[PDB]
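Listing of my_file.pdb, PDB, C-alpha atoms and all ligand atoms
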ATOM      1  CA  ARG A   4       0.495 -56.950 -39.079
ATOM      2  CA  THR A   5      -3.235 -56.061 -39.081
ATOM      3  CA  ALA A   6      -5.524 -55.155 -36.138
ATOM      4  CA  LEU A   7      -6.929 -58.251 -34.494
ATOM      5  CA  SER A   8     -10.551 -59.407 -34.838
ATOM      6  CA  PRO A   9     -12.580 -62.215 -33.042
ATOM      7  CA  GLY A  10     -11.835 -65.843 -34.052
ATOM      8  CA  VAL A  11     -13.920 -69.006 -33.459
ATOM      9  CA  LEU A  12     -14.440 -70.125 -29.844
ATOM     10  CA  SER A  13     -13.868 -73.831 -29.255
ATOM     11  CA  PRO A  14     -16.470 -75.678 -27.127
ATOM     12  CA  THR A  15     -16.390 -75.484 -23.305
ATOM     13  CA  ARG A  16     -13.499 -77.545 -21.956
ATOM     14  CA  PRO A  17     -14.486 -80.190 -19.460
ATOM     15  CA  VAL A  18     -13.200 -80.443 -16.005
ATOM     16  CA  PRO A  19     -13.585 -83.635 -14.131
ATOM     17  CA  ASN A  20     -16.407 -83.670 -11.621
ATOM     18  CA  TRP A  21     -14.159 -84.266  -8.643
ATOM     19  CA  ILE A  22     -12.469 -80.868  -8.782
ATOM     20  CA  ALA A  23     -14.350 -78.416  -6.628
ATOM     21  CA  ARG A  24     -15.812 -75.537  -8.553
ATOM     22  CA  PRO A  25     -15.902 -72.104  -7.008
ATOM     23  CA  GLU A  26     -19.323 -71.112  -5.925
ATOM     24  CA  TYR A  27     -19.872 -68.742  -8.817
ATOM     25  CA  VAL A  28     -19.546 -71.272 -11.590
ATOM     26  CA  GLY A  29     -22.605 -71.126 -13.831
ATOM     27  CA  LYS A  30     -24.066 -68.143 -11.991
ATOM     28  CA  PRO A  31     -24.286 -64.654 -13.354
ATOM     29  CA  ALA A  32     -22.316 -63.055 -10.510
ATOM     30  CA  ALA A  33     -19.927 -64.073  -7.758
ATOM     31  CA  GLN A  34     -20.269 -63.870  -4.020
ATOM     32  CA  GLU A  35     -17.281 -61.595  -3.433
ATOM     33  CA  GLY A  36     -16.327 -58.050  -2.497
ATOM     34  CA  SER A  37     -16.513 -58.166   1.340
ATOM     35  CA  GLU A  38     -13.976 -60.743   2.382
ATOM     36  CA  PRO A  39     -11.199 -60.011   4.888
ATOM     37  CA  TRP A  40      -8.150 -58.438   3.352
ATOM     38  CA  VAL A  41      -5.852 -60.214   5.816
ATOM     39  CA  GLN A  42      -5.910 -63.957   5.449
ATOM     40  CA  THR A  43      -5.641 -66.667   8.037
ATOM     41  CA  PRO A  44      -2.431 -68.745   8.223
ATOM     42  CA  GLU A  45      -4.355 -71.680   6.823
ATOM     43  CA  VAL A  46      -5.507 -69.689   3.786
ATOM     44  CA  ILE A  47      -1.978 -68.243   3.230
ATOM     45  CA  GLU A  48      -0.492 -71.730   3.041
ATOM     46  CA  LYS A  49      -3.258 -72.884   0.703
ATOM     47  CA  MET A  50      -2.521 -69.819  -1.381
ATOM     48  CA  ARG A  51       1.043 -70.974  -1.772
ATOM     49  CA  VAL A  52      -0.249 -74.126  -3.371
ATOM     50  CA  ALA A  53      -2.699 -72.336  -5.600
ATOM     51  CA  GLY A  54      -0.028 -69.799  -6.579
ATOM     52  CA  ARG A  55       2.557 -72.427  -7.531
ATOM     53  CA  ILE A  56       0.071 -74.273  -9.666
ATOM     54  CA  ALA A  57      -1.051 -71.100 -11.455
ATOM     55  CA  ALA A  58       2.643 -70.228 -12.061
ATOM     56  CA  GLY A  59       3.183 -73.647 -13.512
ATOM     57  CA  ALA A  60       0.232 -73.404 -15.855
ATOM     58  CA  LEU A  61       1.435 -70.006 -16.986
ATOM     59  CA  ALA A  62       4.992 -71.244 -17.659
ATOM     60  CA  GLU A  63       3.637 -74.258 -19.585
ATOM     61  CA  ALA A  64       1.381 -72.206 -21.778
ATOM     62  CA  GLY A  65       4.130 -69.592 -22.265
ATOM     63  CA  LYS A  66       6.458 -72.279 -23.661
ATOM     64  CA  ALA A  67       3.924 -72.890 -26.424
ATOM     65  CA  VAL A  68       3.907 -69.246 -27.571
ATOM     66  CA  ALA A  69       5.324 -69.364 -31.144
ATOM     67  CA  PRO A  70       4.213 -68.207 -34.542
ATOM     68  CA  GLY A  71       1.545 -70.517 -35.962
ATOM     69  CA  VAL A  72      -0.030 -71.386 -32.571
ATOM     70  CA  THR A  73      -3.586 -70.438 -31.668
ATOM     71  CA  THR A  74      -4.764 -68.681 -28.526
ATOM     72  CA  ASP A  75      -7.166 -71.577 -28.082
ATOM     73  CA  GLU A  76      -4.215 -73.874 -27.944
ATOM     74  CA  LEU A  77      -2.609 -71.833 -25.232
ATOM     75  CA  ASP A  78      -5.865 -72.290 -23.240
ATOM     76  CA  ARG A  79      -5.839 -76.018 -23.856
ATOM     77  CA  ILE A  80      -2.395 -76.265 -22.408
ATOM     78  CA  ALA A  81      -3.125 -74.072 -19.332
ATOM     79  CA  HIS A  82      -6.413 -75.848 -18.727
ATOM     80  CA  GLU A  83      -4.807 -79.299 -18.826
ATOM     81  CA  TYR A  84      -1.914 -78.278 -16.540
ATOM     82  CA  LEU A  85      -4.503 -76.931 -13.987
ATOM     83  CA  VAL A  86      -6.764 -80.063 -14.172
ATOM     84  CA  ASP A  87      -3.709 -82.388 -13.952
ATOM     85  CA  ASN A  88      -2.773 -80.701 -10.730
ATOM     86  CA  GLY A  89      -6.314 -80.838  -9.209
ATOM     87  CA  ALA A  90      -7.091 -77.115  -9.714
ATOM     88  CA  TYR A  91     -10.131 -75.528 -11.197
ATOM     89  CA  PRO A  92      -9.426 -72.685 -13.739
ATOM     90  CA  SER A  93     -11.005 -69.821 -11.893
ATOM     91  CA  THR A  94     -11.895 -67.884 -15.011
ATOM     92  CA  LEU A  95     -14.040 -70.720 -16.434
ATOM     93  CA  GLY A  96     -17.599 -69.692 -15.747
ATOM     94  CA  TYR A  97     -16.595 -66.605 -13.812
ATOM     95  CA  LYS A  98     -19.262 -64.031 -14.786
ATOM     96  CA  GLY A  99     -19.833 -65.970 -17.935
ATOM     97  CA  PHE A 100     -16.246 -66.001 -19.043
ATOM     98  CA  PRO A 101     -15.942 -69.002 -21.414
ATOM     99  CA  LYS A 102     -12.375 -70.136 -21.064
ATOM    100  CA  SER A 103      -9.625 -71.176 -18.641
ATOM    101  CA  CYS A 104      -7.226 -68.300 -19.142
ATOM    102  CA  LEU A 105      -7.087 -64.858 -20.791
ATOM    103  CA  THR A 106      -4.982 -64.466 -23.946
ATOM    104  CA  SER A 107      -4.285 -60.835 -24.947
ATOM    105  CA  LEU A 108      -2.274 -60.089 -28.121
ATOM    106  CA  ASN A 109      -0.761 -56.762 -29.186
ATOM    107  CA  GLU A 110      -3.292 -53.993 -28.961
ATOM    108  CA  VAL A 111      -5.478 -56.042 -26.637
ATOM    109  CA  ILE A 112      -4.964 -54.448 -23.200
ATOM    110  CA  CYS A 113      -6.546 -57.352 -21.389
ATOM    111  CA  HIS A 114      -9.203 -59.990 -21.094
ATOM    112  CA  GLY A 115      -8.851 -61.511 -24.494
ATOM    113  CA  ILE A 116     -10.727 -64.768 -25.032
ATOM    114  CA  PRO A 117      -8.760 -67.771 -26.280
ATOM    115  CA  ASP A 118      -9.913 -68.634 -29.794
ATOM    116  CA  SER A 119      -8.837 -69.664 -33.333
ATOM    117  CA  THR A 120      -6.638 -66.501 -33.490
ATOM    118  CA  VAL A 121      -3.311 -67.452 -34.917
ATOM    119  CA  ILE A 122      -0.092 -65.942 -33.477
ATOM    120  CA  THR A 123       2.278 -64.448 -36.044
ATOM    121  CA  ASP A 124       5.918 -63.571 -36.095
ATOM    122  CA  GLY A 125       6.555 -60.452 -34.003
ATOM    123  CA  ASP A 126       3.385 -60.582 -31.787
ATOM    124  CA  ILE A 127       3.407 -60.194 -27.994
ATOM    125  CA  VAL A 128       1.021 -62.474 -26.100
ATOM    126  CA  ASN A 129      -0.171 -62.098 -22.499
ATOM    127  CA  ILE A 130      -1.402 -65.257 -20.906
ATOM    128  CA  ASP A 131      -3.295 -64.779 -17.538
ATOM    129  CA  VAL A 132      -4.073 -67.853 -15.549
ATOM    130  CA  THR A 133      -5.868 -68.286 -12.242
ATOM    131  CA  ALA A 134      -6.032 -71.545 -10.213
ATOM    132  CA  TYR A 135      -8.633 -72.457  -7.627
ATOM    133  CA  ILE A 136      -7.591 -75.295  -5.250
ATOM    134  CA  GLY A 137      -8.046 -75.834  -1.541
ATOM    135  CA  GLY A 138     -10.795 -73.199  -1.562
ATOM    136  CA  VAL A 139      -8.386 -70.399  -2.631
ATOM    137  CA  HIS A 140      -7.175 -68.642  -5.746
ATOM    138  CA  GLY A 141      -3.743 -67.836  -7.211
ATOM    139  CA  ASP A 142      -3.504 -65.368 -10.103
ATOM    140  CA  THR A 143      -0.573 -64.661 -12.405
ATOM    141  CA  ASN A 144       0.203 -63.400 -15.910
ATOM    142  CA  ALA A 145       3.029 -62.588 -18.267
ATOM    143  CA  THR A 146       3.620 -61.265 -21.756
ATOM    144  CA  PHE A 147       5.660 -63.538 -24.077
ATOM    145  CA  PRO A 148       7.266 -62.537 -27.426
ATOM    146  CA  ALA A 149       6.418 -64.654 -30.526
ATOM    147  CA  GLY A 150       9.307 -64.952 -32.958
ATOM    148  CA  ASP A 151      11.164 -61.808 -34.053
ATOM    149  CA  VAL A 152       9.554 -58.987 -32.031
ATOM    150  CA  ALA A 153      10.397 -55.328 -32.806
ATOM    151  CA  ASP A 154      12.774 -53.640 -30.383
ATOM    152  CA  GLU A 155      10.055 -51.196 -29.425
ATOM    153  CA  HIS A 156       7.954 -54.116 -28.227
ATOM    154  CA  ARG A 157      10.732 -56.098 -26.505
ATOM    155  CA  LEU A 158      11.462 -52.968 -24.547
ATOM    156  CA  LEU A 159       7.829 -52.400 -23.615
ATOM    157  CA  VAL A 160       7.584 -56.015 -22.345
ATOM    158  CA  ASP A 161      10.898 -55.843 -20.449
ATOM    159  CA  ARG A 162      10.001 -52.500 -18.841
ATOM    160  CA  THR A 163       6.488 -53.646 -17.853
ATOM    161  CA  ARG A 164       8.105 -56.698 -16.136
ATOM    162  CA  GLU A 165      10.510 -54.363 -14.427
ATOM    163  CA  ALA A 166       7.799 -51.958 -13.278
ATOM    164  CA  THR A 167       5.970 -54.952 -11.801
ATOM    165  CA  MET A 168       8.959 -56.322  -9.932
ATOM    166  CA  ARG A 169       9.854 -52.842  -8.608
ATOM    167  CA  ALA A 170       6.394 -52.410  -7.242
ATOM    168  CA  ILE A 171       6.530 -55.827  -5.662
ATOM    169  CA  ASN A 172       9.841 -54.969  -3.979
ATOM    170  CA  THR A 173       8.121 -52.043  -2.159
ATOM    171  CA  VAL A 174       5.589 -54.248  -0.469
ATOM    172  CA  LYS A 175       6.069 -54.249   3.289
ATOM    173  CA  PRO A 176       3.839 -53.929   6.363
ATOM    174  CA  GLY A 177       3.264 -50.364   7.429
ATOM    175  CA  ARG A 178       3.880 -49.007   3.941
ATOM    176  CA  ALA A 179       1.042 -47.196   2.163
ATOM    177  CA  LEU A 180      -0.638 -49.246  -0.599
ATOM    178  CA  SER A 181      -0.422 -46.146  -2.785
ATOM    179  CA  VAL A 182       3.331 -46.620  -3.125
ATOM    180  CA  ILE A 183       2.782 -49.429  -5.624
ATOM    181  CA  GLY A 184       1.114 -47.255  -8.248
ATOM    182  CA  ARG A 185       3.567 -44.374  -7.656
ATOM    183  CA  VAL A 186       6.517 -46.713  -8.375
ATOM    184  CA  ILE A 187       4.797 -48.187 -11.459
ATOM    185  CA  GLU A 188       3.661 -44.900 -12.995
ATOM    186  CA  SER A 189       7.033 -43.218 -12.382
ATOM    187  CA  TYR A 190       8.838 -46.043 -14.137
ATOM    188  CA  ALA A 191       6.400 -46.092 -17.043
ATOM    189  CA  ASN A 192       6.523 -42.319 -17.482
ATOM    190  CA  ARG A 193      10.290 -42.452 -17.581
ATOM    191  CA  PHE A 194      10.097 -44.216 -20.939
ATOM    192  CA  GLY A 195       7.085 -42.246 -22.154
ATOM    193  CA  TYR A 196       4.535 -45.028 -21.557
ATOM    194  CA  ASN A 197       1.057 -44.652 -20.021
ATOM    195  CA  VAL A 198      -0.304 -46.852 -17.198
ATOM    196  CA  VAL A 199      -3.826 -48.130 -17.600
ATOM    197  CA  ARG A 200      -6.028 -46.617 -14.794
ATOM    198  CA  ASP A 201      -9.417 -48.299 -15.322
ATOM    199  CA  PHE A 202      -8.084 -51.836 -14.662
ATOM    200  CA  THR A 203      -6.458 -52.553 -11.312
ATOM    201  CA  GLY A 204      -4.951 -55.135  -9.026
ATOM    202  CA  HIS A 205      -7.142 -56.780  -6.454
ATOM    203  CA  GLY A 206      -7.245 -58.597  -3.199
ATOM    204  CA  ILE A 207      -7.553 -62.313  -3.619
ATOM    205  CA  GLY A 208      -7.974 -65.239  -1.204
ATOM    206  CA  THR A 209     -11.013 -67.468  -0.868
ATOM    207  CA  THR A 210     -12.577 -65.204  -3.439
ATOM    208  CA  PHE A 211     -11.188 -64.046  -6.831
ATOM    209  CA  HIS A 212     -11.706 -60.230  -6.535
ATOM    210  CA  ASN A 213     -12.337 -59.674  -2.834
ATOM    211  CA  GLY A 214     -13.042 -55.942  -2.803
ATOM    212  CA  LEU A 215      -9.546 -54.604  -2.115
ATOM    213  CA  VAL A 216      -8.352 -52.535  -5.094
ATOM    214  CA  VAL A 217      -4.710 -51.901  -5.963
ATOM    215  CA  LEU A 218      -4.152 -48.934  -8.230
ATOM    216  CA  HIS A 219      -1.224 -48.983 -10.689
ATOM    217  CA  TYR A 220      -0.997 -45.166 -11.050
ATOM    218  CA  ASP A 221      -0.181 -42.437  -8.567
ATOM    219  CA  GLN A 222      -3.141 -41.870  -6.331
ATOM    220  CA  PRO A 223      -2.080 -40.689  -2.906
ATOM    221  CA  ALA A 224      -5.659 -40.196  -1.673
ATOM    222  CA  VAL A 225      -5.801 -43.957  -0.951
ATOM    223  CA  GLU A 226      -5.191 -44.348   2.778
ATOM    224  CA  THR A 227      -4.834 -48.114   2.994
ATOM    225  CA  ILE A 228      -1.742 -49.353   4.823
ATOM    226  CA  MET A 229      -0.281 -52.735   4.002
ATOM    227  CA  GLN A 230      -0.664 -55.251   6.913
ATOM    228  CA  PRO A 231       0.923 -58.641   7.447
ATOM    229  CA  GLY A 232      -1.248 -61.420   5.929
ATOM    230  CA  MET A 233      -2.851 -59.220   3.235
ATOM    231  CA  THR A 234      -2.906 -60.905  -0.157
ATOM    232  CA  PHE A 235      -3.344 -59.015  -3.432
ATOM    233  CA  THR A 236      -2.309 -58.813  -6.991
ATOM    234  CA  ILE A 237      -0.034 -56.292  -8.731
ATOM    235  CA  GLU A 238      -0.857 -56.445 -12.503
ATOM    236  CA  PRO A 239      -0.149 -53.215 -14.332
ATOM    237  CA  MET A 240      -1.117 -52.877 -18.001
ATOM    238  CA  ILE A 241       1.267 -50.419 -19.734
ATOM    239  CA  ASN A 242       0.430 -48.744 -23.054
ATOM    240  CA  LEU A 243       2.630 -47.387 -25.893
ATOM    241  CA  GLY A 244      -0.243 -45.200 -27.010
ATOM    242  CA  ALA A 245      -3.072 -43.319 -25.492
ATOM    243  CA  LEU A 246      -5.281 -44.772 -22.749
ATOM    244  CA  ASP A 247      -8.547 -44.705 -24.685
ATOM    245  CA  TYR A 248     -10.044 -48.146 -25.283
ATOM    246  CA  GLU A 249     -12.992 -50.094 -26.707
ATOM    247  CA  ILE A 250     -14.545 -53.328 -25.394
ATOM    248  CA  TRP A 251     -15.509 -55.921 -28.048
ATOM    249  CA  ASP A 252     -19.064 -57.192 -28.458
ATOM    250  CA  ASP A 253     -17.976 -60.359 -26.532
ATOM    251  CA  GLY A 254     -18.108 -58.038 -23.436
ATOM    252  CA  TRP A 255     -14.567 -58.924 -22.393
ATOM    253  CA  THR A 256     -11.836 -58.105 -24.909
ATOM    254  CA  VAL A 257     -10.372 -54.621 -24.274
ATOM    255  CA  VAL A 258      -8.483 -53.040 -27.161
ATOM    256  CA  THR A 259      -6.593 -49.744 -27.548
ATOM    257  CA  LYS A 260      -8.456 -47.219 -29.688
ATOM    258  CA  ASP A 261      -5.241 -46.253 -31.478
ATOM    259  CA  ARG A 262      -4.157 -49.908 -31.902
ATOM    260  CA  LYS A 263      -0.774 -49.402 -30.390
ATOM    261  CA  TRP A 264       0.472 -52.375 -28.372
ATOM    262  CA  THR A 265       0.277 -52.816 -24.637
ATOM    263  CA  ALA A 266       1.888 -55.273 -22.106
ATOM    264  CA  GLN A 267       1.082 -56.655 -18.684
ATOM    265  CA  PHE A 268       2.621 -58.794 -15.885
ATOM    266  CA  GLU A 269       0.935 -60.089 -12.727
ATOM    267  CA  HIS A 270       1.772 -61.789  -9.506
ATOM    268  CA  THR A 271      -0.117 -62.680  -6.373
ATOM    269  CA  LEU A 272       1.663 -61.261  -3.271
ATOM    270  CA  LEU A 273       1.635 -61.792   0.429
ATOM    271  CA  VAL A 274       2.527 -59.058   2.822
ATOM    272  CA  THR A 275       4.729 -60.858   5.364
ATOM    273  CA  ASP A 276       5.676 -59.729   8.933
ATOM    274  CA  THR A 277       8.580 -57.785   7.430
ATOM    275  CA  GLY A 278       8.253 -57.689   3.612
ATOM    276  CA  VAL A 279       6.706 -59.574   0.642
ATOM    277  CA  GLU A 280       6.411 -63.116  -0.640
ATOM    278  CA  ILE A 281       5.624 -63.770  -4.254
ATOM    279  CA  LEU A 282       3.013 -66.540  -4.111
ATOM    280  CA  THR A 283       2.978 -67.159  -7.844
ATOM    281  CA  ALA A 284       6.752 -67.587  -8.120
ATOM    282  CA  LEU A 285       7.658 -70.443 -10.436
TER     283      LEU A 285
HETATM  284  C1  LIG A 301     -11.989 -62.832 -15.952
HETATM  285  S1  LIG A 301     -11.862 -61.443 -14.856
HETATM  286  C2  LIG A 301     -10.090 -61.225 -14.885
HETATM  287  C3  LIG A 301      -9.258 -62.340 -14.305
HETATM  288  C4  LIG A 301      -7.724 -62.072 -14.315
HETATM  289  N1  LIG A 301      -6.964 -63.372 -14.106
HETATM  290  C5  LIG A 301      -7.319 -61.068 -13.226
HETATM  291  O1  LIG A 301      -6.040 -60.987 -13.034
HETATM  292  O2  LIG A 301      -8.172 -60.499 -12.536
HETATM  293 CO    CO A 302      -4.918 -62.566 -13.667
HETATM  294 CO    CO A 303      -5.548 -60.450 -11.139
HETATM  295 NA    NA A 304      -1.481 -56.236 -25.321
END

Encoding of this model in structure tokens:
Amino acid sequence: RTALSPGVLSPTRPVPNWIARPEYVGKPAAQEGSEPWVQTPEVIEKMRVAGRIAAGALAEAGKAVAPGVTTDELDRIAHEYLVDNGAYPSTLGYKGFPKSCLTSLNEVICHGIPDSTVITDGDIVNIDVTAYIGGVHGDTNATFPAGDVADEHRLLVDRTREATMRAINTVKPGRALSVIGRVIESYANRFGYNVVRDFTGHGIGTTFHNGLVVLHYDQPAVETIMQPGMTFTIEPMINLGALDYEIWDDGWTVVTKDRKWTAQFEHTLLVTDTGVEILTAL
């Protein structure tokens, strides 16, 4: 199974005019980075809707993961599930991103662009979908095996899922935000994996990446305390090999230098009055 290279991008997928675009569509940058970290009750409930739709789109595209299928096809499926449910794919036209979801195979850490790339027996495929509806976003991702995946890789996927859900289970008001990345990095290190540091979770609400940063490694210098109504992602990328990476000429696709495989899972979370709610639960 050879190292991946860029395929052919299909043309921009249409979304019907009635679906509200986020403000940043067709602009070089987004108006984000200074929004409140705690959301209003109205926004939280809207985020439940956006989260459920993103989770649906993810599940639908994940069902299509099989050898012989293209990453473009995964994007077609996600895109149509979002549009059918009245949501705008938040990635489409976000800082020039050309598609409706991110498809990241094997050695691709993240941010792969759906294209003519064909999935083969034994690949692992991350699909990352974000929905924008009711003026809010919901952001979720998962890595799916394609055909007969090597034990080494099934384990990596299963343990990255598990790291993610363990971190989620620590979310509670009054707990330090830094606990998330301590729980993830401990679990990863237990099996000799390395957590990606340069890519992080993020606050999300009426804007996609609102300025709050959630680290996935141990960094106890962060002083942020979780507060009821805060909304953010937990989305650790976990590597078999070393952390070093390259970014393709496309400006998006991040690949391991050593070409060893890497997995990711993501949910959007709400800090409740006493614990956590997974907004992107199926
Ligand atoms: C296109 S920027 C990356 C978007 C991705 N859905 C994330 O989880 O932030
Ligand atoms: Co995402
Ligand atoms: Co995210
Ligand atoms: Na990967």

Expected selection from the PyMOL selection byres (((chain A and resi 172-178) around 9) and not hetatm), given as number ranges by chain: A: 167-171, 179-183, 186, 227-231, 272-280

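Put simply, the PyMOL selection byres (((chain A and resi 70) around 10) and not hetatm) on this file hits residues 67, 68, 69, 71, 72, 73, 121, 122, 123, 124, 125, 126, 148, 149, 150 and 151 of chain A.
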
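Shortest atom-to-atom contact with ligand CO 302 (chain A) among A:195, A:54, A:96, A:138: A:54, counting only C-alpha atoms and all ligand atoms.
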
The PyMOL selection byres (((not hetatm)) within 12 of (chain A and resi 304)) applied to the shown file, residues as an NGL selection string: :A and (6-7 or 105-115 or 126-131 or 144-148 or 156 or 159-160 or 163 or 199 or 239-244 or 248 or 256-259 or 262-268)

Best match for closeness to residue 252 of chain A among A:90, A:284, A:152, A:116, counting only C-alpha atoms: A:116

Expected selection as a ChimeraX atom specification for ligand CO 302 (chain A) within 7 Å, only C-alpha atoms and all ligand atoms: /A:131-133,142-144,269

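For residue 20 of chain A, the set of protein, DNA and RNA residues having any atom at most 12 Å away, when counting all atoms listed in the file and skipping those fewer than 6 positions along the same chain, is residues 86, 89, 90 and 91 of chain A.
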
d(atom CA of residue 234 of chain A, atom CA of residue 206 of chain A) in Å: 5.8 Å

Atomic distance atom CA of residue 57 of chain A - atom CA of residue 79 of chain A, expressed in Å with one decimal: 14.2 Å

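Take atom CA of residue 204 of chain A and atom CA of residue 235 of chain A: the distance between them is 7.0 Å.
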
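The residue that comes closest to residue 187 of chain A, out of A:78, A:45, A:261, A:221 and on the basis of only C-alpha atoms, is A:221.
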
Take every atom of segment 21-31 of chain A listed in the file, pad by 4 Å on each side, and give me the axis-aligned box centre and edge lengths in Å, one decimal, as AutoDock Vina command-line options.
--center_x -18.4 --center_y -74.5 --center_z -9.9 --size_x 19.8 --size_y 27.6 --size_z 15.9

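Between ligand LIG 301 (chain A) and the candidates A:61, A:233, A:191, A:47, the tightest atom-to-atom separation, counting all atoms listed in the file, involves A:61.
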
Pick from A:245, A:58, A:22, A:207, whichever lies nearest to ligand CO 303 (chain A) using all atoms listed in the file: A:207

Spatial neighbours of residue 53 of chain A, 9 Å, all atoms listed in the file, chain gap at least 5 places, as a VMD selection string: chain A and resid 48 58 90 133 to 137 139 to 142 282 to 283

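You can rank A:39, A:104, A:51, A:118 by their closest distance to residue 65 of chain A using all atoms listed in the file, and at the top of that list sits A:104.
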
Who sits within 9 Å of residue 222 of chain A, all atoms listed in the file, same chain under 2 positions skipped, as JSON, numbers by chain: {"A": [181, 182, 184, 185, 218, 219, 220, 224, 225]}

Distance query residue 27 of chain A at most 10 Å, all atoms listed in the file, self and fewer than 3 positions along chain excluded, as number ranges by chain: A: 24, 30-35, 93, 95-99, 210
